[PDB]
Amino acid sequence: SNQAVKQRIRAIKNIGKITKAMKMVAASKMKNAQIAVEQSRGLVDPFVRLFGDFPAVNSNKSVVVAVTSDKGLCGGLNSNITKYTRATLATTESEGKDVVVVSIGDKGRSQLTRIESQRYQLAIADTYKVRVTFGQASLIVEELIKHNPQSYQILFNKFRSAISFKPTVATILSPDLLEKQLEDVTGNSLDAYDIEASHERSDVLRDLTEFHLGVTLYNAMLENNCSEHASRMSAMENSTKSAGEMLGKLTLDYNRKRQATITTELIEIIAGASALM
Amino acid sequence: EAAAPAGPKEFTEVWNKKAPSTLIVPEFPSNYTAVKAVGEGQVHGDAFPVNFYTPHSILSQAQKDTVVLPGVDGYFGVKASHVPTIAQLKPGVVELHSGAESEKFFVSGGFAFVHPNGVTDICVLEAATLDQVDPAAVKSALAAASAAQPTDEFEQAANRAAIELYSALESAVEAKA
Amino acid sequence: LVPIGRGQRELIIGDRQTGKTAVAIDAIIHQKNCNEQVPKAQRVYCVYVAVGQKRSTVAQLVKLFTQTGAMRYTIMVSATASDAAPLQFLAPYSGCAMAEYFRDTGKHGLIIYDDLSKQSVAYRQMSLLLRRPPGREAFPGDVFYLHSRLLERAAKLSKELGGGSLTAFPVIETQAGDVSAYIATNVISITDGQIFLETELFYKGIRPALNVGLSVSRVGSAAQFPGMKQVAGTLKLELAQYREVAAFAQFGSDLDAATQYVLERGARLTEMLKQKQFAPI
Amino acid sequence: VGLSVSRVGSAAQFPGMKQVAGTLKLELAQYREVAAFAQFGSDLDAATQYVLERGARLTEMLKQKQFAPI
Amino acid sequence: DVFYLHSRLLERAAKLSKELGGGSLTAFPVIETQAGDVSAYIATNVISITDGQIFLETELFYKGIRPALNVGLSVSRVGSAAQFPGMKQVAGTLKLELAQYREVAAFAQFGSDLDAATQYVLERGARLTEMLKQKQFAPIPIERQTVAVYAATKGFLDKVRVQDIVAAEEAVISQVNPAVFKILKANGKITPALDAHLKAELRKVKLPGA
Amino acid sequence: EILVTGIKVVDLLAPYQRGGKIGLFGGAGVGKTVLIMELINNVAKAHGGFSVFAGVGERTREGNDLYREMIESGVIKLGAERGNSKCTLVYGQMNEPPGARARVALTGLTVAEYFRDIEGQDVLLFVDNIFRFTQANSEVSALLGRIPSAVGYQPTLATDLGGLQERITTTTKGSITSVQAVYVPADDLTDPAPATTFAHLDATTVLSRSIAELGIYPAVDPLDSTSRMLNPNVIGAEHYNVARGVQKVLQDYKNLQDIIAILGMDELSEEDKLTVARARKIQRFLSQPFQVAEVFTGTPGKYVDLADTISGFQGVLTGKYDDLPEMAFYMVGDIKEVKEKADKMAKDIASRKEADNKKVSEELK
Amino acid sequence: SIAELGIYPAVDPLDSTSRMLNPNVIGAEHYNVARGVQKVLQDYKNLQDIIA
Amino acid sequence: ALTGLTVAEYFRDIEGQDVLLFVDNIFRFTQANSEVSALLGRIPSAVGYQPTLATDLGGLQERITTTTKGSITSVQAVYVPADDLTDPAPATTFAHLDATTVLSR
Ligand SMILES: Nc1ncnc2c1ncn2[C@@H]1O[C@H](COP(=O)(O)OP(=O)(O)OP(=O)(O)O)[C@@H](O)[C@H]1O
Ligand SMILES: Nc1ncnc2c1ncn2[C@@H]1O[C@H](COP(=O)(O)OP(=O)(O)O)[C@@H](O)[C@H]1O
Ligand SMILES: [Mg+2]
Ligand SMILES: [Mg+2]
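Draft legend 1. How the structure looks around the overall build of chain E. Looking only at helices and strands, chain E features 9 helices and 2 strands. For chain E, the α and β elements follow one another from N to C terminus as α-α-β-α-β-α-α-α-α-α-α. Its C-alpha atoms put chain E at 60 × 50 × 30 Å along the principal axes. Out of the 210 residues in chain E, the part that is buried amounts to 35%. Nonlocal contacts in chain E, meaning residues at least 24 apart in sequence, comprise 67% of its contacts between residues at least 6 apart. On chain E, roughly 12600 Å² of surface is accessible, and the fraction owed to carbon and sulfur atoms is 58%. Across chain E, the mean location of the 25 positive side-chain charges is 8 Å away from that of the 21 negative side-chain charges.

Draft legend 2. Here's a closer look at the arrangement of the chains. For the 13 pairs of chains in contact, the largest share of contacts goes to chains A and B. Over all C-alpha pairs, chain C and chain D never come within contact, reaching a minimum spacing of 18 Å. At their nearest point, the C-alpha atoms of chain C and chain H are still 17 Å apart, with no contact between the two.

Draft legend 3. Region of interest: the site of ligand 2. With respect to spatial proximity, 14 residues lie near ligand 2, and among them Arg77 of chain E together with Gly29, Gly31, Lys32 and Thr33 of chain F are the closest. Each of chains E and F places residues near ligand 2. Contact distances for ligand 2 include 3.0 Å between an oxygen atom and a backbone N or O atom of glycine 31 of chain F. Contact between ligand 2 and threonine 33 of chain F: an oxygen atom at 2.5 Å from a side-chain N or O atom of the residue. Taken by itself ligand 2 offers 550 Å² of open surface, and the protein chains cover 89% of this. Contributing elements (two or more residues each) for the shell around ligand 2: α2 (32-46) and α12 (294-297) of chain F. Per-class residue counts for the shell around ligand 2 are 8 nonpolar, 4 polar and 2 charged. Three or more residues apiece are contributed to the shell around ligand 2 by two domains, here domain 1 (1-228) and domain 2 (230-354) of chain F.

Draft legend 4. Main features of the sheet that holds strand β10 (residues 112-114) of chain B. In spatial order, the strands read β6(A)-β7(B)-β10(B)-β11(B); together these 4 strands make up an open sheet with mixed pairing. Every interior strand has two partners, whereas the edge strands, β6 (194-195) of chain A together with β11 (120-122) of chain B, have only one. Pairing of β6 of chain A with strand β7 (residues 85-87) of chain B involves 2 bridges; the strand directions are parallel. Following the sheet pairing, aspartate 194 of chain A is matched in β7 of chain B by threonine 85 of chain B. Along the sheet, helix α2 (residues 44-51) of chain A makes contact with β7, β10 and β11 of chain B, crossing β10 of chain B at roughly 45 degrees.

Draft legend 5. The coordination of the magnesium ion (ligand 4), seen in detail. All names here are of chain F. Taken together, the protein donors to the magnesium ion (ligand 4) comprise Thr33 (OG1) and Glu58 (OE), at separations of 2.3 to 2.6 Å. Here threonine 33, found in helix α2, pairs with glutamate 58, found in the loop between β4 (50-56) and α3 (60-72); they are 25 residues apart in sequence, far enough to count as distant. Side by side, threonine 33 and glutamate 58 carry an identical accessibility label, which is buried.

Draft legend 6. Examining the pairing of strand β4 (residues 108-114) of chain C more closely. All names here are of chain C. The element β4 is extensively covered by neighbouring structure, given that 7 of its 7 residues are classed as buried. Neither face of β4 is left uncovered, since the one carrying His108, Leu110, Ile112 and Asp114 and the one carrying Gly109, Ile111 and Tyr113 both have all their residues buried. Where β4 meets strand β5 (residues 165-173), 6 bridges bridge the pair, whose relative direction is parallel. Within the sheet, the bridge partner assigned to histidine 108 lies in β5 and is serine 165.

Draft legend 7. Here's a closer look at the site of ligand 1. Near ligand 1 you find 19 residues, and of these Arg16, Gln17, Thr18 and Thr21 of chain C together with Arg228 of chain F are the closest. Residue neighbours of ligand 1 fall on chains C and F, so the site bridges chains. The contact in question runs from an oxygen atom of ligand 1 to an N or O atom on the backbone of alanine 22 of chain C, over 3.1 Å. Going through the elements one at a time, α1 (20-35) of chain C together with α10 (237-263) of chain F are the ones with two or more residues in the shell around ligand 1. Here the shell around ligand 1 gets 3 residues from one element, more than from any other, and that element is α1 of chain C. Class assignment of the residues belonging to the shell around ligand 1 gives a composition of 5 nonpolar, 7 polar and 7 charged.

Draft legend 8. A look at a positive patch on the surface. Taken together, the side chains of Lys6, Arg10, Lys13 and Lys17 of chain A make up a positively charged region of the molecular surface. Looking at the element boundaries, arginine 10 of chain A is found in helix α1 (residues 2-31).

Draft legend 9. How the structure looks around the interface of chain B and chain A. Taken residue by residue, the interface counts 51 residues in chain B and 49 residues in chain A. Counting the surface lost from both chain B and chain A, the interface buries some 4300 Å², and carbon and sulfur atoms represent 66% of this. Considering only the side of chain B, the residues that lose the most area to chain A are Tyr32, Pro55 and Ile86 of chain B, jointly responsible for 15% of the buried surface there. Inspection of the region where chain B meets chain A yields 1 salt bridge. Its salt-bridge partner being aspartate 121 of chain B, residue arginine 49 of chain A comes within 2.4 Å of it at the nearest N-O pair. Remark: the boundary between chain B and chain A carries 13 residue pairs in polar contact. Of all elements in the fold, only α1 (8-18), β7 and β10 of chain B reach the threshold of two or more residues within the side of chain B that touches chain A. A per-element tally of the side of chain B that touches chain A places α1 of chain B first, with 6 residues.

Draft legend 10. Highlighting the sheet that holds strand β2 (residues 98-104) of chain A. Residues and elements named next belong to chain A. The 5 strands are arranged β3-β2-β1-β4-β5 in an open sheet whose pairing can be described as mixed. Edge positions in the sheet fall to β3 (120-124) and β5 (165-173), since each of these pairs with one other strand and no more. The mean angle between the axes of side-by-side strands here comes to 20 degrees, regardless of whether they run parallel or antiparallel. Where strand β4 (residues 151-159) and β5 come together, 9 bridges link them in antiparallel fashion. Each bridged residue has a counterpart across the sheet, and for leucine 155 the counterpart in β5 is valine 169. Contacting β1 (61-67), β2, β4 and β5, helix α3 (residues 77-89) crosses the sheet at an angle of about 145 degrees to β4. Contacts from helix α7 (residues 201-274) reach β1, β2, β4 and β5 within the one sheet, and its direction differs from that of β4 by about 30 degrees.

Draft legend 11. Highlighting a nonpolar patch on the surface. A contiguous nonpolar patch, built from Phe28, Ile54, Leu56, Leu69 and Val71 of chain E and spanning about 500 Å² of accessible area, is present on the exposed surface. Judged by its relative accessible area of 54%, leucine 56 of chain E falls in the exposed class.

Draft legend 12. Local environment of unusual backbone geometry. The omega torsion of the bond from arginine 66 of chain E to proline 67 of chain E falls at 0 degrees, within 30 degrees of zero and hence cis. Checked against the element boundaries, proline 67 of chain E lands in the loop between α3 (58-62) and β2 (75-76). For the peptide bond that leads from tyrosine 217 of chain F to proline 218 of chain F, omega is 0 degrees, which places it in the cis range. Structurally, the position occupied by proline 218 of chain F is in the loop between α8 (209-213) and β9 (226-227). A positive phi angle is found at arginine 131 of chain C, which is not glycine, with a value near 60 degrees. Take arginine 131 of chain C: it is sitting in the loop between α4 (116-129) and α5 (143-151). At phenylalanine 156 of chain E, a residue that is not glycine, the phi angle is positive and equals roughly 70 degrees.

Draft legend 13. Fine view of the side chain of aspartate 224 of chain F. Topologically, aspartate 224 of chain F is positioned in the loop between α8 and β9. Only 2.5 Å separates the side chain of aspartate 224 of chain F from the side chain of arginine 16 of chain C, close enough to count as a polar contact. Every residue in contact with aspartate 224 of chain F, bar those within four places of it in the chain, is listed here: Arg16 and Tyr203 of chain C together with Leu189, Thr204 and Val206 of chain F.

Draft legend 14. Just a negative patch on the surface, in detail. All names here are of chain A. On the surface, a cluster of negative charge is made up of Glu142, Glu143, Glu200, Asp203, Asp207 and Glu210. Secondary structure elements with two or more residues in the negative patch: α5 (134-145) and α7. Top element by residues in the negative patch is α7. It accounts for 3 residues. Position of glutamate 143 among the secondary structure elements: in helix α5.

Rules used throughout
Residues numbered from 1 in each chain as written, not as in the entry; some residues may be left out. Chains lettered and ligands numbered in written order. Part of a larger assembly, values for the part shown. Heavy atoms only, no water. Residues with missing side-chain atoms left out of burial classes, pairs and counts. Helix = DSSP H or I, 4+ residues; strand = E, 2+ residues; numbered from the N terminus. Buried < 20%, exposed > 50% of the residue type's maximum accessible area, 1.4 Å probe, protein only. Contact = heavy atoms within 4.5 Å. Areas by Shrake-Rupley, 256 points an atom, 1.4 Å probe, with all protein chains shown as cover. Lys, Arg positive; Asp, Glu negative; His and termini not counted. Charge placed at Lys NZ, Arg CZ, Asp CG, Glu CD. Near = heavy atom within 4 Å. Polar contact = N/O pair within 3.5 Å; in protein donor to acceptor, adjacent residues only side chain to side chain. Nonpolar A, V, L, I, M, F, W, Y, C, P; charged D, E, K, R; others polar. Domains from an automatic or database assignment. Pairing = 2+ DSSP bridges. Axes fitted to C-alpha atoms, helices over the stretch in contact; angles between N-to-C directions. Donors = N, O, S within 2.8 Å, 3.2 Å for Na, K, Ca; no water. Patch = residues over 30% accessible without salt bridge, like charges linked within 9 Å, V, L, I, M, F, W, Y side chains within 5 Å. Salt bridge = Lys/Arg side-chain N within 4 Å of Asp/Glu carboxyl O. Buried area = accessible area lost by both parts, 1.4 Å probe.

Quick look at the structure:
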């Protein structure tokens, strides 16, 4: 029973160096993937200063995406997104609107089914294995365009810094299925612009909203990956703290057992010798 | 016709009724942009802000005085207080000028907006500087692109985009200044 | 998983209130169920040696062996906690001598020494009061010879001597699952098998709380049922695969659709080996 | 190397070896501090990966071959 | 017989009956503990002799919370319902608020998730544990402790942030009219007239956190 | 036959026998005197026999406390009403020499054995710290010229303890329900005196200090407290299945706690999160206010009936009360009071103000 | 630990030593394969705390 | 160590000075007194030490004090046996210490 404690110290110390490695790994991945996150942050801005921000609009059909992580030591990031999924998905509910929920990342596949199982249709996963590219987000936008709602919702975590990732809902409306219908006030605000397309405005907005979905989906799953790495860096920071305080308790209790072992073996030896002399 | 006037502010107010109250409001893409379209200003004479973007880069964000954009009708130019525009670009050379010096980015196409406040947002996928293309592989690829001509209008439309992009790349690479 | 032949001594070692007696009472009650069905020559006569127990604890067993009917074949040698320390030291030898009658005359015996760890405390008391010098924890030097003199009397005799048999089940109580004790490591070294009962498996629902990874039988496949030799070879082959995958999948990292098969199949087998209290199958 | 010391120390070292062992033991101290993270190879750090690679070089230096003293 | 050594020692600390004079003897045994190990031999001997414990922690003493009294482990069951009645009226709320402070510090040892009602019990607990810590070789009378924890378990100190509470309670003891200390000592507890004058007097106090 | 004690963890997980030896195992400050006083208050009034309190090696202050509270509640009557008393006290408290504390348990046994053998009726024997008997013989045995046994004890620990313990039984002519507090010396349940006295009891209620430090009182370790009554042929399959399911959930949480302390509850399965939430609720629900603890806790105590215990714990097992928080279960009687406290905690989530003016404490009231 | 995996004979490959394991006794083609097998079984044990 | 103490006590009590005494490895003083207690056939106390450990240490350390004449200030190197501060030799020494100066690598 004195060797159960020594091997438990062995287990806690190897766990405490594993988590300290994974903290530095997450910190290394957070800096060389922030060099790709705030590069892609720019292209979201022309579409929001062109189309605006219309989250609570009365869509007939809506596809909501919660883009989450694939690996699992992120520390309550994906669960916070799973709760903001229903927190922003009940604020849409005004007339009995249809909703399709979709998860990007393996840890959203397991977590939305507990709350919304009949409204689940697609799981995109293995997305951060090599990297995130725009052709990939384009294909995910294509399969979100196969069924064609009137609105899109993307739920992710905006990578502010290595401390805060306050989560974000970004909204993308189908071209004149609801978007220009949300633009017409005493005329319209979209009619200021000269459409310089080949075909009509109804097709330049058709192309323009697929490009907006691809840009928003790319930036969402890039910001979510960088916030995942920083959340894992903050999660394995508390794991080495816990595996150090548990190690210190176990080291103190081992010192007690070591002292008691020497005392009890000594008392046995003295009692053996005193029964002869 | 616009009976659901949403926004960050309306979603903040309605979201405090159906979500649990301890949850802070989810952020919006509006909260990280200080520049809008209807917010007048940002002009200051001859130079205008050119937000030349890319999915994987930001190629320019400083103010320039004239931008040559390769729209689908043809090459057009943007001076300072230009008319509002949503221009789809064919594959061509976006010329950024600050004076006598010109940087020539050959892009892949993708839209370019001019807003009422004079901000211009060029938004293309692959936006290479024309320095880093070789003049050999373009006709080398267009010789094959002029060969595989099937009845598959998916593949034929891809061939049309191929020969048109490659032809524009050729006509932009022989015509250097 | 840990089958037992006739003439084999098998240690039922476990922590404080596991199912140690309940394994041994079920081995005795089951011999009553088999003695009605076998011919007269291959009947097993059981002896339960109760060392250092309560006197009302053993009165609950005479009441259980009567209302099952196992008392027709059972001798109970009862040296309770109020008996003198030489009566509890000597009661495993008295019960072995009462059970060696059936071994020596061609019949079959089953001796159960409940708490040999309480016989050695009775032996330590006399040895320390006869002023014999103490050794490990206080025990006399000859406390290995105390138990190996006794457990080696459990034998399967040759056919010249009658073919008789005596099967021992010493019970050893550990303190915190610490089998590294003095009396525990002696009897582990003497007996052939080992039925290690765990208190953490007891409360997970797994009753009999048999640690299938630590429980051995040195006779093994030599003296088990041939109808279950070909089935329980697969059973321990799968439960060995169940054990390491559940150490990983309780973290909750990832699962692999065949790693998912072995921790879903091994849960079918773990629930299969559960059992009620006094119903030997 | 972390637990082996000499209370006499480098006052009784071969000079010339003292020129190079003084930075050898510092490089091996840095390697021992960043050791057991070499199983993270796909998870590269580009500043500790250099001292990890050089520590793996130097632990392979000090190996010997049994009654061939140098 | 090292249990008997201390048991036959501490059993002489008694409260005698009225037929024996009514005298008393209060014992404070002191036991040094090694690294916080309360499960030692002599420690668990004297714990099962004495009527309570006062646990003083190194993790509270290093932080400057002095006396470093482990409130979750310290206990005195024979002296309870035998203490100062005004202090008994005030201190049940203090024990409960330090209990909830211990609960929400047992939940959040790192600060990033703030409920703003958990922030309230955090701020009140940090105010109270600044209230109870005091300096050496200067004991306080019980009415000046009753008023000082009355001014803290209620409002009257939430203006003061977390640092100036040591000066805030000194300003409270100084600026409160010293008749209410005589009424609290003489009456034994805060009467509702005294509660009225005490709520009144704790409003004309110039707190240093302003 | 079962002995109902009105304690949730005792009646559910290790139920007591009406003629059984019961042990309360504890480590200096975990609550076995408070448990033995609550068992006195609950059991020794419904049980219509005589009581013997043999105080062995405990505080003299506690003997005076029990004597004065028994004179108050009329269990002990003074003067000419003395024959209507129900309890007799035998005291060998911790100021006595080692020879007195080594024989005073035999005096209390003799008083109990007269009522069992001659009056022929049921006795309740409560022995506070039967460990002090063993410790007193261990003080004595050094000077008798004996070679010491393990840790420091007499060579005759098992036989002295067994000779004392085998007298405390129910025979065919009378009953002795025995409750013994057992001290464990340095929170060491493997010490030879507790490990020897474990085999003499029918129900061993082991109190843990880690349970007590979480505020859970009575600090009964539910995975270390056993009975011979937890058997479906004795208590019925409903009670037995609820108790084994409660123990299965608690053991599963105990297996998860090593992961939860390092990786947090964010790494768990949803099945694991469900069993951690349910096990925290059934850990808090095993705690109970005592009527003898209300003079220093202030919370009035609750006597929880056994049927209410079984029904409430079954409901928390099946998932009928996952709507309720964790702290609604803490220090309540039965499942009606969980829902009452859960309405009240929720109700007090708003009501925190409007003590601003309109007082009875302005200057001229 | 080797026996609970089912590897029988449960010989600990790292802990089992011999004085016949010199290359000038059993040759180099035996010595280097034995030392290579031991090195692979050792860094597997160093990985095994992170596989689990 | 008592010989060094006597040399220091002459400077304190006759010369009237503020003396410095350096007991190099007070743990070796403890270990030496433990050996002479083991050799005189005394039963060892806890972990393995002399039964008189606190008084054999306090007999040395209580002569290091300030008198009315002068003082002795003692700088004693402390070795901690198994990196265990609850070992009885450093736990008995640390009762007497008034300051620690930890020298770090
Ligand atoms: N297979 C089983 N299924 C259900 N319950 C069991 C089983 N085996 C034992 N138990 C229960 O566990 C309790 C302990 O059993 P048992 O008497 O065998 O303990 P033990 O190991 O002999 O310990 P001790 O010798 O201290 O009594 C018993 O009350 C019994 O009801
Ligand atoms: N049921 C309970 N409710 C509240 N406090 C308790 C309870 N049981 C024990 N305690 C606390 O534990 C302390 C020690 O209990 P006690 O029974 O006196 O110790 P011991 O177990 O050593 O006899 C008591 O002073 C009391 O404060
Ligand atoms: Mg038993
Ligand atoms: Mg007590």
